[PDB]
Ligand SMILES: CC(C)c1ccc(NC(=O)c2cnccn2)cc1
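The chain below stands alone, shown as structure tokens; this is the form deposited without the ligand.
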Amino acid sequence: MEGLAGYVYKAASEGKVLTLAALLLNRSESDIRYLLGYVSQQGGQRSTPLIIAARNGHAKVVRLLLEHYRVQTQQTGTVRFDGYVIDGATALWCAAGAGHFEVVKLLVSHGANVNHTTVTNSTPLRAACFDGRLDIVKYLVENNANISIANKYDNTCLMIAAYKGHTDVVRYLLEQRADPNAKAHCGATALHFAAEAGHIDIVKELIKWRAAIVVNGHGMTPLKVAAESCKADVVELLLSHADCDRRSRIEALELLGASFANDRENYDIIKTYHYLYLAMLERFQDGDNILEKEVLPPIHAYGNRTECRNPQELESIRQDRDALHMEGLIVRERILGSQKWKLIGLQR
């Protein structure tokens, strides 16, 4: 009966409804309950015939197990998604993460908990916003998915939708009273992830929904992380949308300019100089009260190398591909004072 569990999982995973039905016919429901509750290990995943079938889109197998062998939707396995290992995953969760709307439709109609949480505390709803499948998104919340359950890292459906550019999902969740101002563990809001990824449509949608402007846990506003991530269009939307002060306008322009320069041989030397110079023009608009650039402390000075402190010194290295890379490094340290921890919270 041990290896009989080998053939049940094979037939369910491959979608062979007629094969699976034959292996279960005329067996005790002590053995039937044993076989459909067996957790197999194969492609790095531990799951039941219910889960692997749901994960693979095999609806006729899912319908057979649900309504004919009366399998509990509660059962949880551990699956692989986007390189991540996800413990405590239900068949509902897998189905929503792989875009199997009719697998999701069956499982719900047989009473599956659409708010069941993985060990990552990820929900079927979250798994669906990850992929931006708005049809599954609308259906789950229509069947009472809590749009406010964040993952272990306090990351929200709205956050990951905003990060991956799913405009339609972002707009929908806000219509469903999603909280615009929730803060993840790192402190970012949905506006931070949208800005950092360059999705200007979602930036517009977030501000039109009265999204608050805040700093994350490292002193960064959406304007600043948009500038560090070199999202020039977002930077120039935010440089006028709010009433950011003179100092905020200069630092965004300088962080933006510096961010263009990191791959030393190939960066656009024009756009680097262009945003660096626009900042100094602003720094010098009044010839009497000049916003002088801050000097680095002596114990952190870049040797005999100093930031250009006037328009002419900047024009002096305008064509020097290497000197402008040096400038960017100084500007970023003079302003910005890892990504692994922010990526793990954006996970499905």
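Residue positions are given as counts along the sequence shown, with the first one as 1. In this text, rigid core is short for the largest set of C-alphas that superpose within 1.5 Å between two forms.
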Other compared entries missing residue 286, a third or more:
no
Comparing 262 to 270 with 158 to 166, which stretch shows the greater average C-alpha B-factor in the deposited entry?
262 to 270
Tell me which stretch, 1 to 9 or 339 to 347, has the higher mean Cα B-factor listed in the entry.
1 to 9
When you compare the CA B-factors of 39, 279, 51, 317 as listed in the entry, which one comes out on top?
39
Per the entry's Cα B factor values, which of 254, 135, 179, 228 stands out as the maximum?
135
What third of its chain's C-alpha B-factors does residue 88 belong to: lowest, middle or highest?
highest
Taking the values exactly as deposited, rank residue 118 by C-alpha B-factor within its chain and report the matching third: lowest, middle or highest.
middle
Going by what the PDB entry lists, where does residue 109 fall on CA B-factor within its chain: lowest, middle or highest third?
middle
Ordered by C-alpha B-factor within the chain, which third holds residue 313? Give me lowest, middle or highest, please.
middle
Quick check on the deposited entry: does the C-alpha B-factor of residue 241 sit in the lowest, middle or highest third of its chain?
highest
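Another form exists, deposited with the ligand bound; not displayed. Remarks below refer to it.
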Decide open versus blocked for this chain after superposing the C-alphas round the site and placing the ligand the way it sits in the deposited complex; the blocked call needs 3+ ligand atoms within 2.4 Å of backbone or C-beta.
blocked
Just one of 81, 139, 172, 267 has a heavy atom within 4.5 angstroms of the ligand in the deposited complex, so which one?
81
Is residue 131 a contact residue for the ligand in the deposited complex, using a 4.5 Å heavy atom cut-off?
yes
Indicate whether residue 97 is a 4.5 Å heavy atom neighbour of the ligand in the deposited complex.
yes
I'd like to know if residue 90 sits close to the ligand in the deposited complex, meaning any non-hydrogen atom pair within 4.5 angstroms.
no
Residue 76 versus the ligand, in the deposited complex: is there a non-hydrogen atom within 4.5 Å?
no
Location of the ligand contact in the deposited complex, chosen stretch of 174 to 182, 121 to 129, 200 to 208, 272 to 280 [non-hydrogen atom, 4.5 Å]
121 to 129
Position that moves between the shown form and the other one after core superposition, taken from 102, 142, 135, 263, with Cα shift of 2 Å or more
263
Determine, after fitting the two forms on their core, whether residue 320 shows a C-alpha shift of 2 Å or more between the shown form and the other one.
yes
With both forms fitted on the core, check whether the Cα of residue 59 differs by 2 Å or more between the shown form and the other one.
no
Can a Cα shift of no less than 2 Å be assigned to residue 70 between the shown form and the other one, given superposition on the rigid core?
no
At a change of 3 Å or more, would you call the C-alpha separation of residue 196 and residue 263 in the deposited complex closer or farther than in the form supplied?
closer
Do residue 266 and residue 223 have their C-alpha atoms closer or farther apart in the deposited complex than here, with the shift being 3 angstroms or more?
closer
